[PDB]
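Asks: So I've got this experimental structure, pasted below with the sequence.
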Amino acid sequence: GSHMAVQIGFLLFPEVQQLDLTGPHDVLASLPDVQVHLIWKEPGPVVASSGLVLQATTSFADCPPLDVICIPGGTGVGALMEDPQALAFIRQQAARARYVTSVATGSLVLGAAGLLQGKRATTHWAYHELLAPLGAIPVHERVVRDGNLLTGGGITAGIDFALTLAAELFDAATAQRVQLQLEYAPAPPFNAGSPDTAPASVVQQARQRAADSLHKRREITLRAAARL
Amino acid sequence: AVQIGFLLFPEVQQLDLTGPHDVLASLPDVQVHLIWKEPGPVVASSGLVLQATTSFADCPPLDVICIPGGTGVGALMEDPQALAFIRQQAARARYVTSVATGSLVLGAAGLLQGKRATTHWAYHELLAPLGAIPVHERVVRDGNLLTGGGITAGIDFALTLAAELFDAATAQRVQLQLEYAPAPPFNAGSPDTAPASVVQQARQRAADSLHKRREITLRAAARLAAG
């Protein structure tokens, strides 16, 4: 549909990991035929896990029908997995969206909404055991695609799959041009973004420090699965 | 606590800032500031609204200052108040950093004279008039000055900063906890690797910005020369 706008919506919730959202937001908002939304129960300030304040732009009720929905992750996912209004919104939008996507533990929210049953998916590495009880077929890849579902565990996975989205919504030339326009050329100085590549001591520390969060998130996950 | 400040200005390219912000805010014993003339809402180039936390007047002496880029850089390069603030902080800061065309703001402030630096590829020709030695690399370091052209270069140099402020184990722990593991599906993030037509088309899209930014740059340079 040429210059018909593509409506792209990010769920913006308390204690979101903001970079999960702000990366794909800035990539996709650089496209002339995209209209991005930051969605919560009402417009207004929403505090990210770091204390950085974002502003939601639309309520659930006023959000237009989305062509792309994206659920970020972060600490705030635990509450969101048992928020019936938010889960109903997500389900409603996902029913007609061209693409359904998530970053990090945002896929656990998709799971809680019933959208991963029998689907290949990933999540943040520390929480990957929580995919199967939500019906997912867990896959360890940076971005996992199953039909129109795209999930990625890493904090910037949405930047990467945003380029895939741009290519399919528009054309490869449009995705490459956004990459060049923004000069997205990552080159980390360390190779510790996976438990399979970080030093053993670093993995040990991260695993130990995440244990209480995983324990609670499992309890939440089992209730969410029971409701499905 | 380590005092870390990002300049948050109208029409900023928000990801330039929000990437390194989320990395550095994950560290122990840091305090991260979003700095503008007064606290309150600041609208990014995409329309996304951010909230400045700290005025120029109230900002503590920073250990790290970071100037992001975006459309709003043009105005900043001819904003004496902003340029003075940046100089005052840079005089004391352990690290002075920028992303994308934020290095042109450092340049306009007189902070790149004789310094190796980079900027967004489409604006790279504007570094030498500001006294810099242009270097075509993703992150360029000259002493305690770190500049990177690409939109996420601050994520990468933030991990370097984390390692030097704390230690490499701490930086790696943050990388693992955030699961920062980029894997782009295209290889067009450099004018050396993008298709020719894509280079041409991106340049055409930037051309009026560059034209204006060139004019601004030559004015900023001439103001420095009179100093």
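Replies: In hand now; what should we look at? Numbering: from 1, shown residues only, chains lettered A, B, ... in the order given.
Asks: residues touching residue A:144, list them.
Replies: A:120, A:121, A:122, A:150, A:151, A:152 (CB atoms under 8 Å, 6 or more residues apart in numbering or on different chains). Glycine gets a C-beta too; all of them are placed from N, C-alpha and C.
Asks: With residue A:148 instead?
Replies: Contacts of residue A:148 by CB under 8 Å, 6+ apart are A:97, A:98, A:99, A:100.
Asks: Just say helix, strand or coil for the last one.
Replies: This means residue A:100. strand (DSSP: H, G, I helix; E, B strand; the rest coil).
Asks: count of neighbours near it?
Replies: A count of nearby residues for residue A:100, using other CB atoms under 10 Å in any protein chain shown, gives 25.
Asks: Chain neighbours aside, what residue packs nearest to it?
Replies: Among residues not flanking residue A:100 along the chain, residue A:94 sits closest, at 4.7 Å (CB to CB, 6 or more residues apart in numbering or on different chains).
Asks: ditto for the second one
Replies: Here the nearest residue to residue A:98 in space, its sequence neighbours aside, is residue A:67; by CB to CB, 6+ apart that works out to 4.4 Å.
Asks: I figured that neighbour was touching residue A:97, is that so?
Replies: Yes - the pair residue A:67 and residue A:97 passes the contact test of CB atoms under 8 Å, sitting 6.1 Å apart.
Asks: any idea which element the residue sitting furthest away from the middle of chain A lies in?
Replies: The centre of chain A is farthest from one residue, residue A:201, which by CA atoms, centre = their mean lies 28.4 Å away. Counting by DSSP states H and E, the element that carries residue A:201 is helix A:200-227.
Asks: and that helix, which residues are buried?
Replies: A:202, A:203, A:205, A:206, A:210, A:217, A:220, A:221, A:224, A:225 (16 or more other CB atoms under 10 Å in any protein chain shown).
Asks: quick one on the thing from earlier: nearest residue to the residue farthest from the centre of chain A other than its sequence neighbours?
Replies: residue B:169 (6.8 Å).
Asks: Now do the contacts for residue A:121.
Replies: A:107, A:110, A:111, A:131, A:136, A:137, A:138, A:139, A:144, A:146, A:149, A:151 are the contacts of residue A:121 under CB under 8 Å, 6+ apart.
Asks: next one: residue A:31
Replies: A:6, A:166, A:170, A:174, A:178.
Asks: And for residue A:87?
Replies: Here residue A:87 is in contact with A:80, A:81, A:109, A:112, A:113, A:114 (criterion: CB under 8 Å, 6+ apart).
Asks: Please apply the same query to residue A:60.
Replies: A:39, A:40, A:41, A:85, A:86, A:89.
Asks: correct me, but residue A:157 touches residue A:145?
Replies: No - using CB under 8 Å as the test, residue A:157 is too far from residue A:145 to be in contact (11.7 Å).
Asks: Who has more neighbours out of those two?
Replies: Set side by side, residue A:157 and residue A:145 show more neighbours around residue A:157, with 31 against 18, by other CB under 10 Å.
Asks: ok, and for stretch A:25-37, which residues are buried?
Replies: Within stretch A:25-37, the residues scored as buried using 16+ other CB under 10 Å are A:25, A:26, A:27, A:28, A:29, A:30, A:31, A:34, A:36, A:37.
Asks: so the third one, which of the three states?
Replies: Here residue A:27 is recorded as helix under three-state DSSP.
Asks: So which of the contacts of residue A:121 are in helices?
Replies: Members of the contacts of residue A:121 lying in helices (criterion: DSSP state H): A:107, A:110, A:111.
Asks: tell me the contacts of the last one?
Replies: To tie it back to what came earlier, the one meant is residue A:111. A:81, A:121, A:130, A:131, A:134, A:135, A:136, A:221, A:224, A:225.
Asks: beta partners of the second one?
Replies: Listed beta-bridge partners, residue A:121: residue A:138 (assigned using DSSP bridges).
Asks: I'd like the distance between it and chain B.
Replies: 15 Å (CB to the nearest CB, to the nearest Å).
Asks: and residue A:160, how many residues sit next to it?
Replies: Neighbours of residue A:160 using other CB under 10 Å come to 25.
Asks: what packs against the helix or strand hosting residue A:38?
Replies: Using DSSP H and E, residue A:38 maps to strand A:34-39. Secondary-structure packing of strand A:34-39 (3 or more CB pairs under 8 Å, 6 or more residues apart in numbering or on different chains; DSSP states H and E): strand A:6-11, helix A:18-28, strand A:53-56.
Asks: Got a ChimeraX select line for the buried ones in the contacts of residue A:60?
Replies: To isolate in ChimeraX the members of the contacts of residue A:60 that are buried, counting by 16+ other CB under 10 Å, one can use:
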select /A:39,40,86,89
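Asks: Need the max-distance pair from the contacts of residue A:60.
Replies: A:39 and A:85 (11.9 Å; CB to CB).
Asks: what's near enough to touch the residue nearest to residue A:100?
Replies: So residue A:94 contacts A:69, A:100, A:110, A:113, A:115 (CB under 8 Å, 6+ apart).
Asks: From the chain's centre, how far out is the host helix or strand of it? Work that out for me.
Replies: Per DSSP H and E, residue A:94 falls inside helix A:84-96. Mean-position distance between helix A:84-96 and its chain equals 14 Å (CA atoms, centre = their mean, to the nearest Å).
Asks: for stretch A:203-220, same thing?
Replies: Counting by CA atoms, centre = their mean, stretch A:203-220 comes out at 20 Å from the chain centroid.
Asks: do the same with stretch A:4-20
Replies: Chain-centre distance of stretch A:4-20: 8 Å, with CA atoms, centre = their mean.
Asks: Tell me which residues of that stretch come out buried.
Replies: Neighbour count says stretch A:4-20 has A:6-13, A:15-20 buried, by 16+ other CB under 10 Å.
Asks: What of stretch A:68-79?
Replies: Neighbour counts over stretch A:68-79 (16+ other CB under 10 Å) mark A:68, A:69, A:70, A:71, A:72, A:73, A:74, A:75, A:76, A:77, A:78 as buried.
Asks: Would you agree the last one falls within a helix?
Replies: So the one you mean is residue A:78. Yes - using three-state DSSP, the assignment for residue A:78 is a helix.
Asks: Alright, that wraps it up for me.
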